[PDB]
2 protein chains.
Amino acid sequence: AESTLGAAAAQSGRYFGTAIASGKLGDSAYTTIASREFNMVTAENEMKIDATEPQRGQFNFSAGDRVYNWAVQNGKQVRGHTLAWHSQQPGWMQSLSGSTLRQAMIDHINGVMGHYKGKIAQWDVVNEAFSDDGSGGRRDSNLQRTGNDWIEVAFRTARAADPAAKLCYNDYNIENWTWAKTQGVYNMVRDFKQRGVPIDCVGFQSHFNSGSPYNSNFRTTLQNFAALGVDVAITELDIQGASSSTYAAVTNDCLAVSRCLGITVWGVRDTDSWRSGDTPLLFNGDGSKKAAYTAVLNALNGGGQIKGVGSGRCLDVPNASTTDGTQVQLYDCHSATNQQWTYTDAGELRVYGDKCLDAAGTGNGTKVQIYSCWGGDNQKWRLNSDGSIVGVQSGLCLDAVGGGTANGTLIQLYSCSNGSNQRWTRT
Amino acid sequence: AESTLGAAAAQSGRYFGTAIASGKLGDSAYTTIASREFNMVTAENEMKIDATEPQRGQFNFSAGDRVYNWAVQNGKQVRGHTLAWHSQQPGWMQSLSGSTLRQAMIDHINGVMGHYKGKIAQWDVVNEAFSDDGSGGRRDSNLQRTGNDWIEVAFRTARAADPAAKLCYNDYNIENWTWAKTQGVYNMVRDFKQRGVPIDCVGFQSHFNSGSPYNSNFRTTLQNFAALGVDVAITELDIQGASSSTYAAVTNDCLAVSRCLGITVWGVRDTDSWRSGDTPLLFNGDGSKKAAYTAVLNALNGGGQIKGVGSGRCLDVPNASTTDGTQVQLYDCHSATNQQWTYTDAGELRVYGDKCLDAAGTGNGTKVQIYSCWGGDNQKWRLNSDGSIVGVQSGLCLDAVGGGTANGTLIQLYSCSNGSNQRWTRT
């Protein structure tokens with residue numbers, strides 16, 4: 001299979017998951033996409049400490065089980081998130097220290113894992129234990145202050161509670177190999193492997209933005225960790241701006257590492273994201289696939305001028321005009337600027353540097369023209385592997401009117417038919 | 001002055017207004033911008049028929065007066081909108097037809113204008129009476145069914161009610177000269193002027209988008225109507241995507257016609273717009289001046305490499321790198337792509353075609369780098385006439401750290417001080 005992300009990932013033995021919020025399981029548009037596209041699920045909040053043990057010793061699995069059941073019934077495995085973490089602790093746990101806290105941690109781990117024994121593929125045993133100050137050391141938390149060996153204890157406890165689940169250490173800002181935090185984490189897992197501490201995987205959240213951008217050396221980080229004898233996983237992927245190139249690069253990095261189990265994006269639609277303002281995911285608010293979705297899919301499946309297949313002619317802006325509202329047409333191909341289109345990471349087809357292929361509506365017959373680039377979804381396209389060009393906002397295909405092939409044939413939007421007047425090739 | 005829209009327009013004897021919503025007058029962020037930037041006001045809904053005469057013969061001016069009082073308290077003139085229209089009619093009026101409706105129309109005009117007698121600069125007496133079917137004829141509505149002379153009667157009635165107000169006919173899609181609607185309106189005004197019907201102005205709503213884009217022949221349209229002996233005004237301006245060139249183009253068209261009274265944008269912030277999804281205004285949701293704001297201000301005031309003045313060097317991307325997160329610096333100018341920056345209508349400073357000058361924060365000391373273009377406000381800049389470059393999101397200026405001037409000097413965001421290390425010239 002290769003029409004969906006999960007299925008395209010399965011082809012190489014990997015998975016493609018998302019974060020699920022039980023609160024949205026009632027939204028039909030939400031579940032339609034989630035059940036179809038992903039084969040791995042992480043509870044966004046339902047399995048955290050404050051959600052599974054509101055009161056000391058009083059476990060509540062209502063929300064967690066709702067997500068677990070939905071996942072399994074729809075063909076997805078589940079990543080447990082998370083058991084030991086300095087953030088979002090219940091009120092009572094915050095008011096604890098010393099061996100008392102160390103004990104509560106142990107009880108919590110046994111309680112949660114006992115309930116889900118043998119049902120969870122991976123567990124984020126310890127989450128975000130290192131500092132961002134730039135030192136590469138543990139962060140100061142009530143857990144760290146109970147003994148530097150608390151992480152080791154958490155893992156030994158987890159292994160005993162459920163030896164079937166892969167135990168991971170999860171963290172952010174550890175993707176760039178040159179960062180001190182990355183080195184801190186590396187040395188810990190290195191130590192752990194030598195002393196026989198039970199750790200099976202390292203999760204790289206992969207929250208990329210201009211403050212902590214993706215760097216190609218991410219592949220090196222993954223390879224270096226995998227070389228220690230642990231599996232690696234991209235656990236909470238999201239990219240500010242959702243650049244198609246960056247999304248593809250990250251996917252290829254995982255595919256290039258045999259120990260990379262799979263990729264999980266942190267949410268379904270941009271509007272579901274904890275950082276919706278960054279439009280960092282693969283589907284937009286309308287539930288429609290973004291340009292990045294197509295880039296990731298092609299990457300999973302595959303390991304200038306725009307010429308129409310049926311006509312042999314090129315997408316042309318009449319008389320090299322630059323006025324907004326000028327409808328594009330088919331014309332004999334030639335090295336002119338009014339025939340050179342650039343496909344940007346945002347998903348636009350630009351000509352003249354700042355003019356965008358634009359759809360003036362969403363129904364059949366909508367004329368395709370050029371207009372000032374501003375970022376509307378009616379100016380974003382998906383270049384499918386089958387040669388079709390689909391408008392993100394309309395979901396319609398670029399179509400050479402009436403199947404015409406002569407110079408001057410106009411371009412419009414029309415329901416995709418796989419016709420030759422809807423197939424294009426880049427030269 | 002020349003630092004605000006209103007003040008700049010006054011330098012050519014014109015005004016620059018906005019539409020005000022009484023419900024938002026309690027929002028200090030809203031009013032701060034509104035009172036400072038505009039010297040003309042239109043009530044967005046408060047003076048419509050249903051708002052001023054909820055029951056036949058029972059006039060209510062509480063909503064309209066809140067807008068009016070605010071305007072005059074803050075030194076603004078007011079445009080009345082609107083007296084006769086097929087849309088937004090009170091239920092009781094929608095039930096009328098024939099002579100009964102005709103008289104109700106007359107009564108409504110006398111009541112509203114009597115209340116605001118001598119206090120209103122312009123009144124949109126009749127609004128949107130022509131059709132969009134391409135015939136260039138009258139729109140079918142209960143008012144048009146009372147008789148073709150209903151528009152004339154509305155104007156004669158208004159002139160007698162308040163001789164001090166300029167009486168305008170207002171409509172949309174009459175900006176492009178070639179459209180049948182435009183010419184249908186032209187013929188009506190010509191007819192009125194020949195027969196002595198009192199009409200002083202024609203308002204061009206000018207709501208532009210990719211479905212109905214701005215066209216440079218708009219200037220000839222304005223001249224043609226002005227030639228008839230009526231004033232012209234841009235009454236409800238908004239542009240899908242808020243292109244800087246287009247906003248500047250519309251402004252210059254009005255400045256070229258001696259009889260163009262001024263310009264009114266339909267709203268303050270994009271979020272206040274009836275079409276917020278198209279971000280068609282001059283201020284963003286945060287209340288920050290967009291790239292288009294500066295384009296308009298510069299046009300009102302009469303209005304490649306980026307070389308620093310205090311340094312004499314060019315904005316430079318180190319080693320012609322294309323890696324996201326690369327901090328920009330100063331360096332010996334020279335023709336090289338890594339020093340070629342394109343300023344787009346959206347307000348981005350692009351390099352390498354798809355990389356954007358990006359701010360990784362909003363405070364002083366913030367690192368200015370390059371990152372994949374995606375449309376964030378942190379990738380948008382305003383090029384002031386004083387030579388400074390301000391970040392739309394932070395409101396901070398491009399600053400050469402410590403005032404350095406040698407190669408390798410890093411660029412950051414800092415409070416605008418108009419220092420020589422914050423001034424840049426285009427080359």
# chains A, B, ... in the order shown; residues from 1 in each chain; ligands from 1
>>> calpha_fit_rmsd(fixed="chain A", moving="chain B")
0.5 Å
>>> residues_around(residues="residue 293 of chain A", least_positions_apart="4", cutoff="10 Å", atoms="only C-alpha atoms", output="PDB file with C-alpha atoms, in the first residue's frame")
ATOM      1  CA  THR A   4      -1.641   6.713   2.967  1.00  0.00           C
ATOM      2  CA  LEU A   5       1.275   7.638   5.254  1.00  0.00           C
ATOM      3  CA  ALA A 242       5.637  22.994   7.435  1.00  0.00           C
ATOM      4  CA  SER A 244       7.974  20.489   2.204  1.00  0.00           C
ATOM      5  CA  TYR A 247       9.499  17.395   6.130  1.00  0.00           C
ATOM      6  CA  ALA A 248      10.974  15.260   3.339  1.00  0.00           C
ATOM      7  CA  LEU A 281       1.458  19.889  10.517  1.00  0.00           C
ATOM      8  CA  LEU A 282       0.478  17.968   7.350  1.00  0.00           C
ATOM      9  CA  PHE A 283      -3.249  18.767   7.117  1.00  0.00           C
ATOM     10  CA  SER A 288      -7.206  19.001   3.442  1.00  0.00           C
ATOM     11  CA  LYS A 289      -3.713  17.693   2.674  1.00  0.00           C
ATOM     12  CA  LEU A 297       4.325  10.471   1.053  1.00  0.00           C
ATOM     13  CA  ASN A 298       6.618  10.596  -1.973  1.00  0.00           C
ATOM     14  CA  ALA A 299       9.617  10.235   0.337  1.00  0.00           C
ATOM     15  CA  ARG A 382       0.271  19.470  -4.524  1.00  0.00           C
TER      16      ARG A 382
END
>>> interface_residues(of="chain A", to="chain B", cutoff="10 Å", atoms="only C-alpha atoms", output="VMD selection string")
chain A and resid 209 to 216 240 to 246 277 to 279 323 to 326 342 to 347 350 353 to 355 358 to 361 366 to 376 378
>>> atom_distance(atom1="atom CA of residue 158 of chain B", atom2="atom CA of residue 202 of chain B")
15.1 Å
>>> select_by_dssp(residues="segment 101-321 of chain A", states="strand (DSSP E or B)", output="PyMOL selection string")
chain A and resi 122-127+130+138+166-171+201-204+207-209+212+231-239+260-265+269+283+289+306-308+314-316
>>> residues_around(residues="residue 171 of chain B", least_positions_apart="6", cutoff="7 Å", atoms="only C-alpha atoms", output="list in words")
residues 127, 128, 203, 204 and 205 of chain B
>>> write_last_selection(atoms="N, CA and C atoms", output="mmCIF file, in the first residue's frame")
data_model
loop_
_atom_site.group_PDB
_atom_site.id
_atom_site.type_symbol
_atom_site.label_atom_id
_atom_site.label_comp_id
_atom_site.auth_asym_id
_atom_site.auth_seq_id
_atom_site.Cartn_x
_atom_site.Cartn_y
_atom_site.Cartn_z
ATOM 1 N N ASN B 127 -27.285 52.525 -2.148
ATOM 2 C CA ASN B 127 -26.181 51.576 -2.126
ATOM 3 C C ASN B 127 -26.516 50.342 -2.960
ATOM 4 N N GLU B 128 -25.573 49.948 -3.814
ATOM 5 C CA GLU B 128 -25.689 48.753 -4.650
ATOM 6 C C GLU B 128 -27.010 48.528 -5.397
ATOM 7 N N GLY B 203 -19.265 56.650 -4.901
ATOM 8 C CA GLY B 203 -18.348 55.899 -4.069
ATOM 9 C C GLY B 203 -18.023 54.549 -4.676
ATOM 10 N N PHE B 204 -16.733 54.272 -4.819
ATOM 11 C CA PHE B 204 -16.285 52.997 -5.363
ATOM 12 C C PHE B 204 -15.857 52.169 -4.162
ATOM 13 N N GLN B 205 -16.642 51.152 -3.828
ATOM 14 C CA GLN B 205 -16.320 50.327 -2.668
ATOM 15 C C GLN B 205 -14.921 49.743 -2.762
#
>>> residues_around(residues="residue 334 of chain B", least_positions_apart="2", cutoff="9 Å", atoms="only C-alpha atoms", output="list in words")
residues 305, 314, 331, 332, 336 and 339 of chain B
>>> write_last_selection(atoms="C-alpha atoms", output="short mmCIF file (atom, residue, chain, number, x, y, z; two decimals), in the first residue's frame")
data_model
loop_
_atom_site.label_atom_id
_atom_site.label_comp_id
_atom_site.auth_asym_id
_atom_site.auth_seq_id
_atom_site.Cartn_x
_atom_site.Cartn_y
_atom_site.Cartn_z
CA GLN B 305 21.78 44.59 -2.29
CA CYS B 314 26.07 44.79 2.56
CA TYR B 331 30.37 42.03 4.57
CA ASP B 332 32.18 43.64 1.66
CA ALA B 336 26.68 37.37 -5.27
CA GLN B 339 23.81 39.36 -0.99
#
>>> closest_residue(among="B:126, B:257, B:101, B:239", to="residue 185 of chain B", atoms="only C-alpha atoms")
B:126
>>> residues_around(residues="segment 60-77 of chain A", least_positions_apart="4", cutoff="6 Å", atoms="only C-alpha atoms", output="NGL selection string")
:A and (22 or 39-40 or 46-47 or 52-53)
>>> residues_around(residues="residue 125 of chain B", least_positions_apart="2", cutoff="6 Å", atoms="only C-alpha atoms", output="PyMOL selection string")
chain B and resi 82-83+123+168
>>> write_last_selection(atoms="N, CA and C atoms", output="PDB file, in the first residue's frame")
ATOM      1  N   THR B  82     -26.043  53.457   5.537  1.00  0.00           N
ATOM      2  CA  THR B  82     -26.439  53.943   4.211  1.00  0.00           C
ATOM      3  C   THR B  82     -27.974  54.118   4.307  1.00  0.00           C
ATOM      4  N   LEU B  83     -28.561  54.971   3.469  1.00  0.00           N
ATOM      5  CA  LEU B  83     -30.000  55.263   3.553  1.00  0.00           C
ATOM      6  C   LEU B  83     -31.031  54.412   2.806  1.00  0.00           C
ATOM      7  N   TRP B 123     -23.044  61.173   2.554  1.00  0.00           N
ATOM      8  CA  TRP B 123     -24.048  60.153   2.817  1.00  0.00           C
ATOM      9  C   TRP B 123     -24.102  59.192   1.639  1.00  0.00           C
ATOM     10  N   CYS B 168     -23.793  60.788  -2.171  1.00  0.00           N
ATOM     11  CA  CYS B 168     -23.099  59.812  -3.009  1.00  0.00           C
ATOM     12  C   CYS B 168     -23.924  58.583  -3.342  1.00  0.00           C
TER      13      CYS B 168
END
>>> closest_residue(among="A:230, A:300, A:43, A:397", to="residue 7 of chain A", atoms="only C-alpha atoms")
A:300
>>> atom_distance(atom1="atom CA of residue 416 of chain A", atom2="atom CA of residue 31 of chain A")
24.7 Å
>>> residues_around(residues="residue 422 of chain B", least_positions_apart="2", cutoff="12 Å", atoms="only C-alpha atoms", output="PyMOL selection string")
chain B and resi 306-312+315+383-384+386-390+396-405+411-420+424-425
>>> write_last_selection(atoms="C-alpha atoms", output="JSON list (two decimals), in the first residue's frame")
[["chain", "number", "residue", "atom", "x", "y", "z"],
["B", 306, "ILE", "CA", 21.00, 46.14, 1.09],
["B", 307, "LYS", "CA", 23.91, 48.36, 2.10],
["B", 308, "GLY", "CA", 24.32, 49.73, 5.62],
["B", 309, "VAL", "CA", 25.14, 53.43, 5.89],
["B", 310, "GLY", "CA", 27.21, 53.52, 9.07],
["B", 311, "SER", "CA", 29.16, 50.47, 7.92],
["B", 312, "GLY", "CA", 29.14, 50.88, 4.16],
["B", 315, "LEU", "CA", 23.68, 42.45, 4.39],
["B", 383, "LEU", "CA", 11.18, 49.44, 4.75],
["B", 384, "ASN", "CA", 10.76, 52.94, 6.16],
["B", 386, "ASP", "CA", 14.06, 57.01, 6.90],
["B", 387, "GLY", "CA", 16.17, 54.04, 5.83],
["B", 388, "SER", "CA", 15.27, 51.77, 8.75],
["B", 389, "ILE", "CA", 13.96, 48.21, 8.39],
["B", 390, "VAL", "CA", 11.37, 47.25, 11.01],
["B", 396, "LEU", "CA", 12.15, 46.34, 16.29],
["B", 397, "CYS", "CA", 14.78, 47.56, 13.80],
["B", 398, "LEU", "CA", 17.55, 45.68, 12.00],
["B", 399, "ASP", "CA", 20.60, 46.48, 14.08],
["B", 400, "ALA", "CA", 24.32, 45.95, 13.44],
["B", 401, "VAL", "CA", 25.46, 44.73, 16.87],
["B", 402, "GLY", "CA", 27.35, 47.23, 19.00],
["B", 403, "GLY", "CA", 27.47, 49.53, 16.00],
["B", 404, "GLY", "CA", 30.16, 47.41, 14.40],
["B", 405, "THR", "CA", 31.19, 48.13, 10.81],
["B", 411, "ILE", "CA", 22.72, 41.58, 12.59],
["B", 412, "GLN", "CA", 20.11, 41.61, 15.37],
["B", 413, "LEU", "CA", 16.83, 43.20, 16.43],
["B", 414, "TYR", "CA", 17.06, 46.26, 18.67],
["B", 415, "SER", "CA", 14.93, 49.21, 19.74],
["B", 416, "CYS", "CA", 14.82, 51.61, 16.81],
["B", 417, "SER", "CA", 17.17, 54.49, 17.62],
["B", 418, "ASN", "CA", 17.57, 55.77, 14.08],
["B", 419, "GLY", "CA", 21.28, 55.21, 14.58],
["B", 420, "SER", "CA", 23.53, 54.92, 11.53],
["B", 424, "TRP", "CA", 20.07, 50.95, 5.15],
["B", 425, "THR", "CA", 20.08, 52.02, 1.51]]
>>> closest_residue(among="B:252, B:362, B:327, B:42", to="residue 122 of chain B", atoms="only C-alpha atoms")
B:42
>>> closest_residue(among="B:321, B:87, B:58, B:18", to="residue 33 of chain B", atoms="only C-alpha atoms")
B:18
>>> select_by_dssp(residues="segment 171-393 of chain A", states="alpha helix (DSSP H)", output="ChimeraX atom specification")
/A:180-194,218-226,244-255,291-301
>>> closest_residue(among="B:302, B:395, B:287, B:114", to="residue 30 of chain B", atoms="only C-alpha atoms")
B:287
>>> atom_distance(atom1="atom CA of residue 175 of chain A", atom2="atom CA of residue 208 of chain A")
9.3 Å
